[PDB]
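Pasting work00.cif here (mmCIF, C-alpha atoms):
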```cif
data_my_file
#
loop_
_atom_site.label_atom_id
_atom_site.label_comp_id
_atom_site.auth_asym_id
_atom_site.auth_seq_id
_atom_site.Cartn_x
_atom_site.Cartn_y
_atom_site.Cartn_z
CA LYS U 1 0.00 0.00 0.00
CA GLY U 2 2.90 2.45 0.84
CA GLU U 3 4.61 1.37 -2.47
CA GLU U 4 1.47 2.46 -4.51
CA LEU U 5 2.25 6.12 -3.57
CA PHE U 6 5.54 5.90 -5.60
CA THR U 7 4.36 4.44 -8.98
CA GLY U 8 4.73 7.83 -10.77
CA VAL U 9 6.48 11.24 -10.37
CA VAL U 10 6.11 12.62 -6.77
CA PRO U 11 6.81 16.29 -5.87
CA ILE U 12 9.36 16.75 -3.05
CA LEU U 13 9.90 19.56 -0.51
CA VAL U 14 12.94 19.72 1.77
CA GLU U 15 13.37 22.15 4.72
CA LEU U 16 16.52 22.13 6.89
CA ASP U 17 17.49 24.28 9.90
CA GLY U 18 21.17 23.89 10.80
CA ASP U 19 23.66 25.09 13.40
CA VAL U 20 27.35 24.23 12.73
CA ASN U 21 29.86 25.59 15.33
CA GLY U 22 27.28 28.40 16.02
CA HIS U 23 26.80 29.31 12.28
CA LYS U 24 22.96 29.09 11.88
CA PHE U 25 21.48 28.57 8.39
CA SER U 26 18.35 27.33 6.59
CA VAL U 27 18.01 25.40 3.32
CA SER U 28 14.83 25.03 1.24
CA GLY U 29 14.63 22.47 -1.59
CA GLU U 30 12.11 21.61 -4.29
CA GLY U 31 12.02 18.89 -6.94
CA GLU U 32 10.62 15.48 -7.80
CA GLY U 33 11.32 11.77 -7.45
CA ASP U 34 10.57 8.83 -9.76
CA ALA U 35 11.20 5.59 -7.78
CA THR U 36 10.46 3.53 -10.97
CA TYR U 37 13.94 4.75 -12.10
CA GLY U 38 15.33 5.62 -8.58
CA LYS U 39 15.66 9.18 -10.00
CA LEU U 40 15.71 12.44 -7.95
CA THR U 41 15.98 15.98 -9.41
CA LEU U 42 16.19 18.74 -6.77
CA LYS U 43 17.22 22.36 -6.35
CA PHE U 44 18.31 23.63 -2.89
CA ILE U 45 18.59 27.32 -1.85
CA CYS U 46 20.31 28.64 1.29
CA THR U 47 17.51 31.04 2.45
CA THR U 48 19.68 32.70 5.19
CA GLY U 49 22.42 33.97 2.76
CA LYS U 50 25.76 32.13 2.33
CA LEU U 51 26.01 28.46 3.42
CA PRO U 52 28.69 28.19 6.20
CA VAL U 53 29.61 24.58 5.19
CA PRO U 54 30.21 22.98 1.75
CA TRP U 55 27.04 21.92 -0.17
CA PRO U 56 28.48 18.36 -0.64
CA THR U 57 28.50 17.77 3.15
CA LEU U 58 24.70 18.40 3.26
CA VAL U 59 23.65 16.16 0.26
CA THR U 60 23.17 12.96 2.36
CA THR U 61 21.05 14.86 4.94
CA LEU U 62 18.94 16.72 2.34
CA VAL U 63 14.53 10.65 0.81
CA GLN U 64 15.54 6.99 0.36
CA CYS U 65 11.81 6.15 -0.13
CA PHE U 66 12.66 7.08 -3.82
CA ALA U 67 15.08 4.10 -4.14
CA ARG U 68 14.42 1.74 -7.03
CA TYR U 69 13.90 -1.68 -5.37
CA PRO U 70 14.15 -4.40 -8.07
CA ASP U 71 10.93 -6.51 -8.24
CA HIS U 72 12.71 -9.50 -6.55
CA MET U 73 13.74 -7.22 -3.56
CA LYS U 74 10.39 -5.35 -3.08
CA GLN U 75 9.75 -7.16 0.26
CA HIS U 76 12.92 -5.36 1.66
CA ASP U 77 11.71 -1.73 1.05
CA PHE U 78 11.18 -0.38 4.61
CA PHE U 79 11.08 3.24 3.40
CA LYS U 80 7.96 3.00 1.17
CA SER U 81 6.18 0.57 3.60
CA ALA U 82 6.24 3.34 6.33
CA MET U 83 4.32 5.79 4.03
CA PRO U 84 2.24 7.83 4.07
CA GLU U 85 2.61 8.34 7.87
CA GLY U 86 6.40 8.39 7.32
CA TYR U 87 9.58 7.76 9.31
CA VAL U 88 12.11 9.52 11.47
CA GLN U 89 15.64 9.39 10.00
CA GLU U 90 18.50 10.09 12.45
CA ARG U 91 22.22 10.24 11.64
CA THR U 92 25.60 10.91 13.15
CA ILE U 93 28.13 11.93 10.47
CA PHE U 94 31.78 11.77 11.68
CA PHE U 95 34.09 13.90 9.50
CA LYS U 96 37.49 12.20 9.93
CA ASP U 97 39.90 14.46 11.90
CA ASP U 98 37.12 17.10 12.17
CA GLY U 99 33.66 17.75 13.69
CA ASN U 100 30.40 15.79 13.42
CA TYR U 101 26.82 16.39 12.21
CA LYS U 102 23.84 15.04 14.17
CA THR U 103 20.61 15.11 12.13
CA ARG U 104 16.98 14.35 12.85
CA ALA U 105 14.43 14.39 10.02
CA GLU U 106 10.78 13.49 9.57
CA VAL U 107 9.95 12.15 6.09
CA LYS U 108 6.22 11.88 5.32
CA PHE U 109 3.49 12.74 2.80
CA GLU U 110 1.69 16.08 3.12
CA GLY U 111 -1.11 15.45 0.63
CA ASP U 112 0.53 14.26 -2.63
CA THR U 113 3.93 15.83 -1.67
CA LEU U 114 6.83 13.93 -0.07
CA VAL U 115 8.26 16.28 2.64
CA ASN U 116 11.67 15.96 4.39
CA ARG U 117 11.88 18.27 7.50
CA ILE U 118 15.40 18.28 9.01
CA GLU U 119 17.29 19.77 11.95
CA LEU U 120 21.12 19.52 11.84
CA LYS U 121 23.60 20.27 14.67
CA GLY U 122 27.34 20.42 13.85
CA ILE U 123 30.01 20.61 16.61
CA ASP U 124 33.82 20.23 17.16
CA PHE U 125 34.62 21.57 13.62
CA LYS U 126 38.09 23.13 12.93
CA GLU U 127 38.04 26.82 11.80
CA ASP U 128 40.71 25.90 9.12
CA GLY U 129 39.45 22.33 8.41
CA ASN U 130 38.12 21.08 5.05
CA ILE U 131 34.49 21.88 6.08
CA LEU U 132 34.58 25.39 7.68
CA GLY U 133 37.54 26.30 5.37
CA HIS U 134 35.47 25.27 2.25
CA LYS U 135 38.23 23.05 0.75
CA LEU U 136 35.90 20.35 -0.73
CA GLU U 137 35.33 19.86 -4.49
CA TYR U 138 31.80 20.36 -5.92
CA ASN U 139 31.13 17.62 -8.47
CA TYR U 140 30.03 14.01 -7.88
CA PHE U 141 30.16 11.19 -5.35
CA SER U 142 28.79 7.62 -5.16
CA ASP U 143 28.68 4.98 -2.43
CA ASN U 144 26.66 2.13 -0.87
CA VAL U 145 24.24 2.54 2.09
CA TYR U 146 24.49 -0.80 4.02
CA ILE U 147 21.03 -1.46 5.57
CA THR U 148 20.16 -3.97 8.33
CA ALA U 149 16.87 -4.56 10.25
CA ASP U 150 16.37 -3.01 13.75
CA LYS U 151 13.55 -5.25 15.13
CA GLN U 152 13.45 -3.58 18.64
CA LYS U 153 12.55 -0.14 17.07
CA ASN U 154 10.52 -1.78 14.21
CA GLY U 155 12.92 0.03 11.83
CA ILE U 156 16.36 -0.17 10.20
CA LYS U 157 19.93 0.94 10.73
CA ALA U 158 22.44 1.84 8.00
CA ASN U 159 26.17 2.58 7.83
CA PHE U 160 28.23 3.98 4.96
CA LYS U 161 31.24 6.18 4.13
CA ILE U 162 31.39 9.21 1.80
CA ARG U 163 34.81 10.14 0.34
CA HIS U 164 34.49 13.89 -0.38
CA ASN U 165 37.22 14.99 -2.85
CA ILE U 166 39.42 17.81 -1.39
CA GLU U 167 40.64 20.65 -3.72
CA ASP U 168 44.35 19.60 -3.11
CA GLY U 169 43.60 15.99 -4.39
CA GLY U 170 43.08 14.38 -0.94
CA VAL U 171 39.95 12.81 0.61
CA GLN U 172 37.66 14.04 3.44
CA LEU U 173 36.03 10.90 4.91
CA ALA U 174 32.48 11.18 6.38
CA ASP U 175 31.39 8.06 8.34
CA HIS U 176 27.54 7.91 8.44
CA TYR U 177 25.56 6.05 11.15
CA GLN U 178 21.80 6.02 10.46
CA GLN U 179 18.59 4.87 12.15
CA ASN U 180 15.06 4.98 10.72
CA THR U 181 11.90 4.40 12.76
CA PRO U 182 8.28 4.47 11.54
CA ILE U 183 6.06 7.39 12.66
CA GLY U 184 2.84 5.26 12.41
CA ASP U 185 2.26 1.93 14.26
CA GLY U 186 1.15 -0.03 11.10
CA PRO U 187 3.24 -3.03 9.94
CA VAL U 188 6.48 -2.16 8.02
CA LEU U 189 8.82 -4.32 5.91
CA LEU U 190 11.89 -5.22 7.99
CA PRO U 191 14.51 -6.17 5.39
CA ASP U 192 17.33 -8.66 4.96
CA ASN U 193 20.79 -7.07 4.74
CA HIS U 194 21.24 -5.15 1.48
CA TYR U 195 22.51 -1.79 0.19
CA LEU U 196 21.45 1.31 -1.77
CA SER U 197 23.89 2.19 -4.57
CA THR U 198 23.60 6.02 -4.69
CA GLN U 199 25.15 8.41 -7.26
CA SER U 200 24.90 12.21 -6.56
CA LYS U 201 25.81 14.75 -9.29
CA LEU U 202 26.02 18.40 -8.17
CA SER U 203 25.67 21.42 -10.50
CA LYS U 204 24.81 25.15 -10.59
CA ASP U 205 21.85 27.02 -12.15
CA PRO U 206 23.72 29.52 -14.35
CA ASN U 207 20.86 32.08 -13.75
CA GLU U 208 20.72 31.62 -9.92
CA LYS U 209 22.59 34.30 -7.85
CA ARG U 210 21.58 32.85 -4.43
CA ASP U 211 23.84 30.24 -2.74
CA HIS U 212 22.31 27.02 -4.18
CA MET U 213 22.82 23.41 -5.34
CA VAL U 214 21.19 21.53 -8.25
CA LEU U 215 21.24 17.77 -7.61
CA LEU U 216 20.67 14.80 -9.94
CA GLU U 217 20.62 11.59 -7.82
CA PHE U 218 20.13 7.86 -8.64
CA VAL U 219 19.36 5.38 -5.83
CA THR U 220 19.09 1.62 -6.56
CA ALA U 221 18.68 -1.25 -4.07
CA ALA U 222 21.08 -4.20 -4.53
CA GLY U 223 22.97 -7.05 -2.84
CA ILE U 224 20.18 -9.76 -2.91
#
```
Turn the structure described in the file into structure tokens.
Amino acid sequence: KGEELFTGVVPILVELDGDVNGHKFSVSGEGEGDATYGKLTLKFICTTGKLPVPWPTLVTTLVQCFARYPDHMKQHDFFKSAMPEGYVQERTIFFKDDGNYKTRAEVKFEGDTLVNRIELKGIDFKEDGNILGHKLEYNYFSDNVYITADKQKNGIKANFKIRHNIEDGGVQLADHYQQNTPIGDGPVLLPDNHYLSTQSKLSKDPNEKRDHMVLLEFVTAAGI
């Protein structure tokens, strides 16, 4: 029944309030998702002026209910099974040799629109690190979200790493720890171990003068 909400193109709204080492900011996003093709097209705007962290570090926080689950893996799709009431997605993101993000989001339908409401808290960041010093490249990254069942919370856990390219040629590692719990008390699909292969391509609207990010993302379930 949750899965039936995702058979076509769904409009998406994202709203994030963030505080990183006392720098407060807000991000608003709009776009659409097509889970048939695991395809997300979004545009994000920093509504408070200039973003105090690199756009790439926010991509993972800024809707895995749009993953393409192959037919033979459809019994493992927790994300869609929690809809429309939705789920809470929580993360800790450990930036190697730097600070950490803690995120809490509620992902749910408001009418026909899939809404992701986020609060992000960043602490222990270095003033001259890769994040607050804006030393990360703005291009493309890809990795696997390793998902396991969490039966006690009727939800899932996930772990993955993002290797953010640094401008000097190095790598800024971000270790992601994730938990998802349903908002409703209906039955949800608790999956076998598997992963989401995710590719994120970042670009700029040549006509947009506000601090912004255009995102083309593909998310595909695999490993069964």
Which value, in Å to one decimal, gives the distance between CA of residue 95 in chain U and CA of residue 209 in chain U?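 CA of residue 95 in chain U sits 29.1 Å away from CA of residue 209 in chain U.
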CA of residue 26 in chain U to CA of residue 55 in chain U, distance in Å rounded to a single decimal: 12.3 Å
From the set U:81, U:142, U:154, U:60, which residue has the shortest atom-to-atom contact distance to residue 218 in chain U, counting all atoms listed in the file?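 Ranking U:81, U:142, U:154, U:60 by distance to residue 218 in chain U, first place goes to U:142.
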Name the residues, using the chain letters and numbers of the file, that sit within 12 Å of (32.0, 14.8, 11.4) when counting only C-alpha atoms, and give them as JSON, numbers by chain. {"U": [20, 21, 53, 57, 58, 91, 92, 93, 94, 95, 96, 97, 98, 99, 100, 101, 102, 103, 120, 121, 122, 123, 124, 125, 126, 129, 130, 131, 132, 161, 162, 172, 173, 174, 175, 176, 177]}
Starting from the displayed file, determine the output of the PyMOL selection byres ((chain U and resi 114) around 10) and express the residue list as a tab-separated table (two decimals) with C-alpha atoms, in the coordinates of the input.
```
chain	number	residue	atom	x	y	z
U	5	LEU	CA	2.25	6.12	-3.57
U	6	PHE	CA	5.54	5.90	-5.60
U	10	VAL	CA	6.11	12.62	-6.77
U	11	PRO	CA	6.81	16.29	-5.87
U	12	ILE	CA	9.36	16.75	-3.05
U	13	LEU	CA	9.90	19.56	-0.51
U	14	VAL	CA	12.94	19.72	1.77
U	31	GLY	CA	12.02	18.89	-6.94
U	32	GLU	CA	10.62	15.48	-7.80
U	33	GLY	CA	11.32	11.77	-7.45
U	63	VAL	CA	14.53	10.65	0.81
U	65	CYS	CA	11.81	6.15	-0.13
U	66	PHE	CA	12.66	7.08	-3.82
U	83	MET	CA	4.32	5.79	4.03
U	84	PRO	CA	2.24	7.83	4.07
U	86	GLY	CA	6.40	8.39	7.32
U	107	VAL	CA	9.95	12.15	6.09
U	108	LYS	CA	6.22	11.88	5.32
U	109	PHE	CA	3.49	12.74	2.80
U	110	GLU	CA	1.69	16.08	3.12
U	111	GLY	CA	-1.11	15.45	0.63
U	112	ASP	CA	0.53	14.26	-2.63
U	113	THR	CA	3.93	15.83	-1.67
U	115	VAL	CA	8.26	16.28	2.64
U	116	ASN	CA	11.67	15.96	4.39
```
Which distance in Å separates CA of residue 29 in chain U and CA of residue 89 in chain U, to one decimal?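 Between CA of residue 29 in chain U and CA of residue 89 in chain U the gap works out to 17.5 Å.
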So which residues touch range 72-76 of chain U within 7 Å, counting all atoms listed in the file, skipping near sequence neighbours fewer than 6 positions away, as a ChimeraX atom specification? /U:189-192,224
Writing out the chosen residues with C-alpha atoms as a PDB file, in the frame of the given file:
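again08.pdb was written with the following content:
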```
ATOM      1  CA  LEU U 189       8.820  -4.320   5.910  1.00  0.00           C
ATOM      2  CA  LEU U 190      11.890  -5.220   7.990  1.00  0.00           C
ATOM      3  CA  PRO U 191      14.510  -6.170   5.390  1.00  0.00           C
ATOM      4  CA  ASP U 192      17.330  -8.660   4.960  1.00  0.00           C
ATOM      5  CA  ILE U 224      20.180  -9.760  -2.910  1.00  0.00           C
TER       6      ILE U 224
END
```
Please write the residues picked by the PyMOL selection byres ((chain U and resi 152) around 12) on this file as an MDAnalysis selection string. chainID U and resid 149:151 153:157 179:182 190
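Picked out by the PyMOL selection byres ((chain U and resi 47) around 12) when it runs on this file: residues 15, 16, 17, 18, 24, 25, 26, 27, 28, 29, 44, 45, 46, 48, 49, 50, 51, 209, 210, 211 and 212 of chain U.
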Write out as an NGL selection string each polymer residue whose atoms come within 9 Å of residue 202 in chain U, counting only C-alpha atoms; drop sequence neighbours fewer than 2 positions from it. :U and (55-56 or 138-141 or 200 or 204 or 213-217)
If we count all atoms listed in the file and set the cut-off at 6 Å, which residues sit around residue 136 in chain U, ignoring sequence neighbours fewer than 2 positions away in its own chain? Please answer as a ChimeraX atom specification. /U:134,165-167
Would you mind telling me which residue in U:146, U:40, U:185, U:207 lies nearest to residue 160 in chain U when using all atoms listed in the file? U:146
What are the centre and edge lengths in Å, to one decimal, of the axis-aligned box around all listed atoms of range 77-94 of chain U with 3 Å added on each side, as AutoDock Vina command-line options?
```
--center_x 17.0 --center_y 5.1 --center_z 7.1 --size_x 35.5 --size_y 19.7 --size_z 18.1
```
Can you work out which one of U:80, U:163, U:68, U:1 has the shortest atom-to-atom distance to residue 222 in chain U, counting only C-alpha atoms? U:68
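Counting all atoms listed in the file, the residue from U:143, U:90, U:137, U:77 that sits nearest to residue 117 in chain U is U:90.
Closest approach to residue 199 in chain U from the set U:23, U:135, U:104, U:39 is made by U:39, with distances taken over all atoms listed in the file.
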Counting only C-alpha atoms, I want the residues whose atoms come within 7 Å of (19.8, -3.0, -8.6) in the file frame, returned as JSON, numbers by chain. {"U": [69, 70, 220, 221, 222]}
